[PDB]
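This document opens with one chain alone, in structure tokens, the form deposited in one PDB entry.
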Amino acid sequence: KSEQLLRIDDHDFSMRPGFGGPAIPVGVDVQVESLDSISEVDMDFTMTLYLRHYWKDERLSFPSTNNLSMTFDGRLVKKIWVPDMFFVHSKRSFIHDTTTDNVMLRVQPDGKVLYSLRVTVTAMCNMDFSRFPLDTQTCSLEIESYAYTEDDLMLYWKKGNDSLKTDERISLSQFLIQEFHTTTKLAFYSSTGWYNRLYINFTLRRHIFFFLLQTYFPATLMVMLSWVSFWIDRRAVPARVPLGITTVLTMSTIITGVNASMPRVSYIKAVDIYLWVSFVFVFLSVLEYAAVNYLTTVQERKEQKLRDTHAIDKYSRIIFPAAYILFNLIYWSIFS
């Protein structure tokens, strides 16, 4: 029996290697397999990855006539000491087990150990959508030991920045992913002490032109179309009135449709300001003709009692486009 080469019953595996002395170093490597999904309302993401550990334990040394190592499955894990990593700020996770548990142990003759497993994790990520759709988000995944402080276990990336590998075909449906890198930091708990923590960081961006074409284009077109009425003769009331009222109706339907398809985040975003200012411009163009119609009727009644283009139209033809251009300049300077 191979479990008789390792003196399982001659040693107590409830304590760490080197217990009572200096801390034991443990190295970590990670390979990212895929990004499964992202949730904007719940503010989390899901990832599948390979996790590997490296450490040395003299109690597992065995004699050999050559340099062949021995490989074991998940059944041996319960009989020896292994490091207890967990994912910080996660919501749910599990280890894959088809057709059997995806766990491996490899032991060298001199006592070096490799421990590998395949896991799926959902972790939290705070997001800010004030600048939507020109926003940028940064996310991270954190690893830490649950029960051992830095006095007992020393956690580090095995090969520095070379310890992170990502799949060539990783992609998301509605985001672009870039800038994977690794960092470390020390954390404190008043109950127990200081801990090492490892990080995996990346960035997310959207496709700008899609949102431009879907949202900003129709609003600009409707605002420009409402300016046509300033060039129609003022004597055609049944032509001037329906134009303005139907433009207002169209702008309202567009705004409702746009709201129906965005993530349901209930605070003011950058796209909302643009849409509601355009709605005010279309509203003001209808009141402009109401003032012209009233003053023309007043003059005709006074002339009849005694017995060309109105100035408001001429000034509107200049004022409305200039105001819209000035608003656009300020907006795109603020929001880049």
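One-based numbering along the sequence shown. We call the rigid core the largest set of C-alpha positions that still match within 1.5 Å between the two forms.
The protein also exists as the form deposited in another entry; that form is not presented, and the subsequent description refers to it.
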query	finding
Which one of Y156, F210, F86, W194, by Cα shift of 2 Å or more between this form and the one not shown, core superposed	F210
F180 C-alpha shift between this form and the one not shown of 2 Å or more, rigid core reference	no
After fitting the core, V237 CA displacement of 2 Å or more between this form and the one not shown	yes
Yes/no, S34 Cα shift of 2 Å or more between this form and the one not shown with rigid core fixed	no
